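1. before the rest arrives, take these chain(s) from the complex:
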Amino acid sequence: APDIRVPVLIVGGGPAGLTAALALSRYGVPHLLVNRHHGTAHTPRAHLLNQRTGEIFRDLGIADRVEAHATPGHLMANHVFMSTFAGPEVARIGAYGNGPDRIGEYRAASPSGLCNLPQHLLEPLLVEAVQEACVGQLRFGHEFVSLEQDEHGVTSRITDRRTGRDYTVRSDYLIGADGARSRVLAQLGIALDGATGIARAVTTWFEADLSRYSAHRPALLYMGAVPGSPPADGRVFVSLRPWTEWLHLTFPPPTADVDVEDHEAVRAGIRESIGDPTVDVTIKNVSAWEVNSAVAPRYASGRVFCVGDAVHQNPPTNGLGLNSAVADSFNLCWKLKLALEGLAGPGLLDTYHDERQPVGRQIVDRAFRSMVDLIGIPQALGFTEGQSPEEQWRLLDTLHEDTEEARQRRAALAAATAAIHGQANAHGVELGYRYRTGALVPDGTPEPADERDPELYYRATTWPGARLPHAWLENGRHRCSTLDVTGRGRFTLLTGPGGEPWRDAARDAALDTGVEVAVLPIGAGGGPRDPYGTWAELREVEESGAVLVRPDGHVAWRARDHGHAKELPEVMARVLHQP
Amino acid sequence: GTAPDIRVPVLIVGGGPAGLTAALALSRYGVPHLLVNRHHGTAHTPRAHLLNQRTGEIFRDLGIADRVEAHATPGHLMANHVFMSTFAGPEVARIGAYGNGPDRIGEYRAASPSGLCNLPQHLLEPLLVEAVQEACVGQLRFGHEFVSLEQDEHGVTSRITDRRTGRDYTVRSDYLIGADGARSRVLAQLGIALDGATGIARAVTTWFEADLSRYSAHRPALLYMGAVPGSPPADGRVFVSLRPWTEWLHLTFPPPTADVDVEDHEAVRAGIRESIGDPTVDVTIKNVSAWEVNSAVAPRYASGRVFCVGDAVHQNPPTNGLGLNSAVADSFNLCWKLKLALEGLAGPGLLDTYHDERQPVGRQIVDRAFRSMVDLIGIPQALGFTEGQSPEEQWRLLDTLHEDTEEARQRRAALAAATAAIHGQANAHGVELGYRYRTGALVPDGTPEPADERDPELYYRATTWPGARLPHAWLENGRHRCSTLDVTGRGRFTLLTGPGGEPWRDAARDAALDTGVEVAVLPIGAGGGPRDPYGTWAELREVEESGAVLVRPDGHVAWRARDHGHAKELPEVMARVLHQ
């Protein structure tokens, strides 16, 4: 007999696991989380939160706690290429939708902005919100060893690392959120497709007042090249607390000895990157780690589902890792809640893989390409191996000359700079992904498309699978997004004038399935107003039509007009994958 | 068989604290409702103001507690209950108030996570509205006047006016919430006449700004009760602190004679300056209101599928400040019960328990407040004030109070005994927090109710006896501090247990299958759950470690069991609770 019985076991307490713990909390699903380490992350790691993470954080009711601590969007307004921090600059683009040409789209696209909050601050927030909710249990210092599963459940073996005692956990479902080199994913016999240790990195967390060098060009990422270095020896400064707290990343060649603990050598390397020897640098941590680029071909097996780093790893370019993990967990949890209530088949749980596995392929591919893009900048300048500091200063100096060589270098830099949008303004990747198969019913219409780069540019649509478009509504004198009045662990049917047939079809949906569908009319029936007419423009259905929104804010189904009301019951049974 | 303009599970008539609290409950449980309010705006003048510990707690469950504590007067600046002459003149007697006095403060802190604070209706009401329009689950129509209803086995039909357009429409509800205030239209419709009395006295409230900090800061109080010398006992002035010490209410009680003029902003301005006793004090009137003190309670709160809350069902003088508080609790008793009937999880027997539970509480508060009004005159009567005394004759009765005579010793005696009775309104801890439901949505465990020899109106006594408000203890869930009252409520049944209480897991599983309602099992100081750092919970829970306390969404105990032996009875207990 097992030592513990619990509906869901979450293995790992990083962003993925804690998000799942939170979502299950809000849904009232009792669960247990085990984390190997006795504490949350002690160093910053991931830090950029994108608009989609914002929306999920609103749905989970911690957005305000997050916003209180985070760097706001405007202080990440550029992406900088430079020599040293104190030396001349090479190129600059707007970043994160701050440039004039992107800001309108970024504002229209989401109630949420982008912000910067490092893991060591974000994890405690998620912990606190879980503890407050008091629905599930966090066990830090408990390491998952192994699992066996059957038709009825999952049996897991756990080690208390203080006592040394083993114990067993019987659960209906198990969430593998145990990071890169997942013990859970290995236990399932799923191997990652991709590559391991494609490069090495040394991330120093440090304090130093570099505001003299950064305030006038606020950025998340300052990317430098010390004259006299090969192009691959880039130095990356990441702003953590403008302008006194930073990360510094170097990429040592395979033929090199990394001494994490040689704080002296690390500090002199940081002084060299800064290009000012009078700057006081306080080292807070130094970490070596291996860049991977891999994705699991299967996210799930039976009653075990893996999320986050367990199933996708990639270089930090684009900052898609943490965001994707959050969205991975947010895709899964509502599905578990329905299964445990007997209101959904295992067919619904299969849709976690279906919907999120393509998204992992996409982010890994995008991150990779963006990494490769970085080297194009020093290459464009003419930088190579076996060059003195003097030759490289001369190349920077002569970039602005009135010669053919200079003109081509300027043109090549332009083109190389332009590719960096695919990491700094990749709005289509961040917000614009659409599930093409899964817990959703096609309406027959073709997926919208246009001639613009679908990685860079987001196109709002209610096409089943897409994230529900944001529009500002007014409910009395309260302003709220379309996304605020949907989600929250429930299915919502958005309707308008002439949509009275949807009331009885939703009532019938619920008799046939057991799943309440909230009918919420917009600019009719006394519902929220559409003050600017945005929702009318974006809903892509007639006034009498409907958009059905999942608890995760993705569109499950849409219908042009009320003539489709009678199909709702059947649509809900297909989405719920019920017999 | 006409055609109703609107089908909606619950109609709530009247958008005051009672009304809005109900909407906010029903909002948080995710129940589609409609509320209609006869006035276009929310209340514009202060009126009610004292929030007691239980309102505190309810606010935390509904999750507007912070939003309410932000605007509110903290409980330390309500430290006293002051009897005086004028506000600049000598003082008569004083006691600690709202558990700020040394001999009560222990009991007040131990009793609740929440404290007492001050927030006037015109500030509160908005916050309730805000919360409701953020939740977006039901709908608030201001400027809509309820007219009439009919009901049957299957629902209620309600005729409404839109007062702007003039047009009439009709609502069909399953259930209807009569929250329409004093002189309840809805309770008329039902044929239920209040027991008691209307217009027992008349009063004049003057909401006014004036810097009296020189007179109030050094003895902080909600309630300053003066007698201007040369006045009969009943001509008590009453100052209430709203924004210390610049904003205020002033209340007089004009005799049956007296021609009262709301509009006369100069006569009222002169009365105030007299009451203060300092003619150089700037006094900016903001509102003056006549109103009639009532003293009545409905003998029935519900009839069929129609349920009344707040003033609609209990009216009383503002002594003890129970009206607002009780109205909040009324709404909170009821909502969770509607939800479980709406989802076919509970019979009409569960909705009968709203009356059974909150009606005795209406009797209690109306009585308590009346008695507390009657006491107030005991102070000026002890001083030996009467009708037909000069200013110069009263000043002397104050002056010679502190003298070596036989007159003075006995007047100081009677002053102390009258002063002693004001505890009834200033520290009424058992009335505020200690009311228990003896019959309703609960199973008695067979134990006799706890008693003691302490006055049960003044002294709260924590118990998990079914019907009692769950006792407050400080828990710790990891590094998060929370009350027993935080880890319970929130729209669901909670079972609190401890070491050896694993059997409750299966009992709770079986109860959910049989009844459809989910019981969440929370072990304390066992199984890696929330801890009991001081062991307080082990003291108060009045069951063994292996036992259980079943908490309702409203934070009252539904049932308890001494030990895990009783695990088998839980399915049937939840059946009986839900009136299946």
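-> On my side now, so go ahead. Residues are numbered from 1 along each chain as shown, chains lettered A, B, ... in the order given.

2. contact partners of stretch A:89-97?
-> Applying C-beta atoms under 8 Å, 6 or more residues apart in numbering or on different chains, the set of residues contacting stretch A:89-97 from outside is A:48, A:73, A:76-83, A:99-103, A:105-107, A:114, A:217, A:219-221, A:225, A:377, A:381, A:396, A:413, A:416-417, A:420-421, A:424-425, A:427. All C-beta spots, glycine's among them, are computed from the backbone N, C-alpha and C.

3. hmm, 6 Å instead?
-> Stretch A:89-97 is contacted by residues A:73, A:76, A:78-82, A:103, A:106, A:114, A:417, A:420, A:424 when judged by C-beta atoms under 6 Å, 6 or more residues apart in numbering or on different chains.

4. among those, which are in strands?
-> Residues of the contacts of stretch A:89-97 located in strands (DSSP state E): A:78, A:79, A:80, A:81, A:82.

5. now do the contacts for the last one.
-> Contacts of residue A:82 were listed using C-beta under 6 Å, 6+ apart, and they are A:89, A:90, A:224.

6. go again with 7 Å.
-> A:89, A:90, A:222, A:224 (C-beta atoms under 7 Å, 6 or more residues apart in numbering or on different chains).

7. does chain B have contacts with stretch A:477-494?
-> Yes: contact of stretch A:477-494 with chain B (C-beta under 7 Å from any C-beta of the partner chain) involves A:478, A:480, A:485.

8. what does chain A put close to chain B?
-> A:5, A:28, A:30, A:128, A:131-132, A:134, A:137-139, A:475-476, A:478, A:480, A:485, A:526, A:528.

9. in strands, which of the residues of stretch A:477-494 next to chain B fall?
-> Counted as lying in strands by DSSP E, out of those, are A:478, A:480.

10. who wins on neighbours among the residues of stretch A:477-494 next to chain B?
-> residue A:485 (22 neighbours; other C-beta atoms under 10 Å in any protein chain shown).

11. can I assume residue A:109 is in contact with residue A:471?
-> No: if you go by C-beta atoms under 7 Å, residue A:109 and residue A:471 don't touch, sitting 10.7 Å apart.

12. and the two? Which one has more around it.
-> residue A:471 (25 against 21).

13. here is chain C, add it in:
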Amino acid sequence: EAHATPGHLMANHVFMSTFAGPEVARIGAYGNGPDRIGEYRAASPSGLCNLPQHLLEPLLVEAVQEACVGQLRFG
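-> Placed with the earlier chains, chain C looks like this:
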């Protein structure tokens, strides 16, 4: 800029019945609307702001008086 209402607080142009009553129509204003904010930011180092004539006129006087090059005779 010190004394003036910043542009983001003039975000809309509102059509209503009464100020506490219902609203009738609303558009973004002064380039605060998502479809105009890009052109407005790109077009000028300066934004729009609100400063009434009774506040602006003295600032102009002040800076004229400080420059001391010409002469203001009022009245």
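
14. back to the contacts of stretch A:89-97, now that we've got chain C?
-> A:73, A:76-83, A:99, A:102-103, A:105-106, A:114, A:217, A:219-220, A:377, A:381, A:413, A:417, A:420-421, A:424-425, A:427.

15. do stretch A:211-227 as well
-> Counting by C-beta under 7 Å, 6+ apart, A:48, A:75-86, A:92, A:95, A:116, A:234-239, A:242-243, A:272-273, A:374, A:378, A:383, A:389, A:392-393 sit against stretch A:211-227.

16. which bits of chain A sit near chain C?
-> A:100, A:101, A:103, A:104, A:107, A:108, A:531, A:532.

17. can you pull the contacts of the second one?
-> This means residue A:101. Contacts here follow C-beta under 7 Å, 6+ apart; on that basis residue A:101 touches residue C:38.

18. what residue spans form the domains of chain A?
-> Taking curated CATH domains as the reference, chain A has its domains at A:1-75+A:95-198+A:291-371, A:76-94+A:199-290+A:372-423, A:424-579.

19. span of the longest one from start to end?
-> Meaning domain A:1-75+A:95-198+A:291-371. End-to-end distance of domain A:1-75+A:95-198+A:291-371: 50 Å, with C-alpha to C-alpha, to the nearest Å as the criterion.

20. show me the beta-bridge partners of the closest residue to residue A:5 other than its chain neighbours.
-> In space, and not counting its chain neighbours, residue A:5 is closest to residue A:170: 4.8 Å by C-beta to C-beta, 6 or more residues apart in numbering or on different chains. For residue A:170, the beta-bridge partners under DSSP bridges are residue A:5, residue A:155.

21. still on that earlier bit, ok, of the contacts of stretch A:211-227, which come out buried?
-> Neighbour-count burial (16 or more other C-beta atoms under 10 Å in any protein chain shown) applied to those gives A:48, A:75-86, A:92, A:95, A:116, A:234-239, A:242-243, A:272-273, A:374, A:378, A:383, A:392.

22. filter the residues of chain A next to chain C down to the buried ones and hand me the ChimeraX line.
-> Buried members of these, defined by 16+ other C-beta under 10 Å, are picked up in ChimeraX with:
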select /A:103,104,107,108,531,532
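
23. spatially, which two of the residues of chain A next to chain C are the most separated?
-> A:101 and A:531 (26.5 Å; C-beta to C-beta).

24. OK, contacts around the closest residue to residue A:60 other than its chain neighbours?
-> Nearest non-adjacent residue to residue A:60, counting by C-beta to C-beta, 6+ apart: residue A:22, 5.2 Å away. Residues in contact with residue A:22 (C-beta under 7 Å, 6+ apart) are A:60, A:126, A:129, A:130.

25. further, place chain D onto the existing structure:
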Amino acid sequence: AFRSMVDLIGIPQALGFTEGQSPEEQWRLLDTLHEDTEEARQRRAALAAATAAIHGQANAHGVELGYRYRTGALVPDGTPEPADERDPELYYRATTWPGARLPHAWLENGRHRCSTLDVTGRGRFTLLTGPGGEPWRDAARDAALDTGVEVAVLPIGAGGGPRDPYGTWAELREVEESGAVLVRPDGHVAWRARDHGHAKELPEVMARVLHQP
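-> Let me put chain D in with the others:
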């Protein structure tokens, strides 16, 4: 301003508001705006079309910022005035076409951020140029002989002058690196030249701008 004043009445007219109507009728016409009739449909169209016209006062970016001097203290360069499909009252189009307000771009001088508008104006004529624009130096000196008026030559992106960190100025200037934009003290463009070829024209150009004999 006149047209925008006329537009305002359109809003109440759309709603069907008229004279001799009671509070109670008008509260009704607001209530019955969302009705599914031929009446309310035509109203609702008229409101959204009357609403649309208000952009002419709330987002009149082209009038506010986009006016250009077609005759005055400037010399046309023989190019046609830029124009597009868009309504020229609502939509601004940055151009260095003489007479227009000099386009804004963020430059950087050391670590000091400044607009093209900040490094020009201030009581002087300023000539903006770039790589290969050395010839403008001599031409400016010659111009100050011929005319008495000093022309500060400011190379952007060359010769250690202010930088154009985003490339924006190179996009907006509508001349070649070696060309020149001549900016009046008021921030409008007096003249422009595709490339350094035209450098000898400057003395003449400054003479015509000042209407000197």
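
26. same question on the contacts of stretch A:89-97, but with chain D included?
-> With C-beta under 7 Å, 6+ apart, stretch A:89-97 has contacts from A:73, A:76-83, A:99, A:102-103, A:105-106, A:114, A:217, A:219-220, A:377, A:381, A:413, A:417, A:420-421, A:424-425, A:427, D:165-166.

27. look up the closest residue to residue A:73, ignoring the ones flanking it.
-> In space, residue A:73 is closest to residue A:113, 4.3 Å off (C-beta to C-beta, 6+ apart).

28. what of residue A:351?
-> residue A:438 (3.7 Å).

29. next one: residue D:146
-> Using C-beta to C-beta, 6+ apart, the closest residue to residue D:146 is residue D:203 (4.2 Å).

30. swap in residue A:3?
-> residue A:167 (4.0 Å).

31. ok, now which ones touch the one you found?
-> By C-beta under 7 Å, 6+ apart, residue A:167 lies in contact with A:3, A:4, A:158.

32. give the contact list for the residue positioned nearest the centre of chain D.
-> The centroid of chain D falls nearest to residue D:66 when counting by C-alpha atoms, centre = their mean (3.5 Å). Applying C-beta under 7 Å, 6+ apart, we find residue D:66 in contact with D:88, D:92, D:93.

33. ok, and the most crowded of the residues you listed?
-> Neighbour tally across those (other C-beta under 10 Å): the maximum, 24 neighbours, falls on residue D:92.

34. what sits against it?
-> Residue D:92 neighbours (C-beta under 7 Å, 6+ apart): C:39, C:43, D:61, D:62, D:65, D:66.

35. relative to residue A:52, how far out is the residue nearest the centre of chain A?
-> Central residue of chain A (C-alpha atoms, centre = their mean): residue A:323, 1.1 Å from the mean position. Relative to residue A:52, residue A:323 is positioned 6 Å away (C-beta to C-beta, to the nearest Å).

36. ok, residue A:303 next?
-> 28 Å.

37. look at the closest residue to chain B within chain D and say how many residues are nearby.
-> The nearest approach of chain D to chain B comes at residue D:27, 4.4 Å away (C-beta to the nearest C-beta). Residues near residue D:27, counting by other C-beta under 10 Å, number 21.

38. what about residue A:437, how many residues close to it?
-> Neighbours of residue A:437 using other C-beta under 10 Å come to 11.

39. before we move on, what about the one 10 residues further on?
-> Each residue near residue A:447 was counted by other C-beta under 10 Å, and the total is 12.

40. identify the residue nearest it in space, chain neighbours excluded?
-> Nearest non-adjacent residue to residue A:447, counting by C-beta to C-beta, 6+ apart: residue A:463, 5.8 Å away.

41. with that, I have no additional questions.
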